[PDB]
Structures are given as structure tokens and as C-alpha cells.
There are 2 protein chains.
Amino acid sequence: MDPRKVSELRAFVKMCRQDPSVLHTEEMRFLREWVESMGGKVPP
Amino acid sequence: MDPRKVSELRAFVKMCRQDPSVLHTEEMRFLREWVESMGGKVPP
């Protein structure tokens with residue numbers, strides 16, 4: 001992927017690690033499902 | 001989000017599903033670490 005979008009993804013992950021709120025929306029269900037497919041659990 | 005960036009993230013997840021090796025690089029270590037923090041593991 002292009003380096004700017006990677007930087008945006010780093011910023012997104014940094015946000016989620018401090019406040020995973022956005023992940024609990026319907027918009028982000030696909031992302032939760034992907035994490036779950038890898039054996040993870042999105043925390044509260 | 002920017003709906004366009006949600007779209008890009010969906011496309012990125014699709015790409016990673018199709019070819020998990022995209023996540024194996026040092027550039028993507030931050031993403032592996034995030035997944036591991038949630039108890040998952042990126043596929044081989």
C-alpha cells in the first residue's frame with residue numbers, strides 16, 4: 001500500500017488502542033469480524 | 001469516517017484476507033501488534 005495510507009492506518013490503530021469506540025459501530029463490523037477471524041476479541 | 005476512507009479500509013482488509021503476507025513486513029508490524037494485543041494472530 002502507498003506510504004501515506006499506511007501512515008493513516010497507523011494513526012487509526014493508535015486511536016483504536018486508546019479508545020476502541022469506533023470499532024463498535026455497524027460501519028466497523030467488517031473490521032471486528034476480521035479481527036475475530038484471526039482469533040482476536042475487540043475489547044469494550 | 002470519510003466514507004471514502006472506510007471504503008479504503010474495507011479494501012485493505014479484503015487484500016489482507018486474500019494475501020496475508022502483506023502483513024508480514026516491518027512496515028505492518030504495528031498492525032500485527034494490535035491484532036496480537038486483542039488475542040489474535042495474523043495468518044501465515
Side-chain angles (χ1 to χ4, degrees), chain A, chain B residues 2-44:
Chain A
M1 198 164 55
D2 66 88
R4 184 151 294 276
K5 288 195 190 81
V6 176
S7 78
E8 293 167 355
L9 191 56
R10 289 203 302 283
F12 177 76
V13 169
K14 187 167 198 214
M15 177 184 70
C16 291
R17 296 199 63 176
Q18 60 84 210
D19 180 0
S21 287
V22 69
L23 298 173
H24 292 292
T25 64
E26 289 305 320
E27 199 66 44
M28 293 290 174
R29 179 175 296 275
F30 74 95
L31 187 61
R32 297 202 305 279
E33 290 177 350
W34 181 54
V35 166
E36 292 163 0
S37 77
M38 293 182 287
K41 297 183 177 282
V42 178
Chain B
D2 181 349
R4 297 166 308 173
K5 300 317 264 186
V6 172
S7 186
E8 291 164 5
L9 185 58
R10 292 173 67 90
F12 179 72
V13 167
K14 183 174 182 175
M15 175 173 79
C16 291
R17 291 188 174 270
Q18 291 167 1
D19 181 5
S21 77
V22 301
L23 295 179
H24 293 179
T25 64
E26 289 302 325
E27 176 184 52
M28 300 299 311
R29 178 178 290 276
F30 72 98
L31 194 56
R32 297 204 305 281
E33 288 172 336
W34 180 51
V35 168
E36 290 160 4
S37 79
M38 292 183 287
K41 39 198 273 166
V42 307

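Order of the sequence lines sets the chain letters (A, B, ...), proteins ahead of strands, with each chain counted from 1.
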For a 4.5 angstrom cut-off between non-hydrogen side-chain atoms, does [X] reach [Y]?
X: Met28(A); Y: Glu33(A); result: no
X: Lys41(B); Y: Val35(B); result: no
X: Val22(A); Y: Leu31(A); result: no
X: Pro20(A); Y: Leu23(A); result: yes

Tell me whether [X] contacts the main-chain N or O of [Y] through its side chain, where contact means a donor paired with an acceptor under 3.5 Å.
X: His24(B); Y: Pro43(B); answer: yes
X: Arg17(A); Y: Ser37(B); answer: no
X: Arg10(B); Y: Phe30(A); answer: no

*Indicate the atoms forming the closest heavy-atom contact of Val42(B) with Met38(A), along with that distance.*
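Shortest heavy-atom separation between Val42(B) and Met38(A) comes out as CA-SD, 3.9 Å.
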*Minimum heavy-atom distance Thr25(A)-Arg32(A), with the two atoms named*: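 For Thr25(A) and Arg32(A), the tightest heavy-atom pair comes out as O-NH1, 3.0 Å.
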*asked:* Salt bridge or not between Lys5(A) and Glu8(A)? Use side-chain N to carboxylate O under 4.0 Å.
replied: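 No, no charged N to carboxylate O under 4.0 Å.
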*List the steps, then state whether salt bridge (charged side-chain N to carboxylate O under 4.0 Å, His left out) holds for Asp2(B) with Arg4(B).*
CA-CA 5 Å; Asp2(B) 181 349; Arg4(B) 297 166 308 173; 3.0 Å; yes
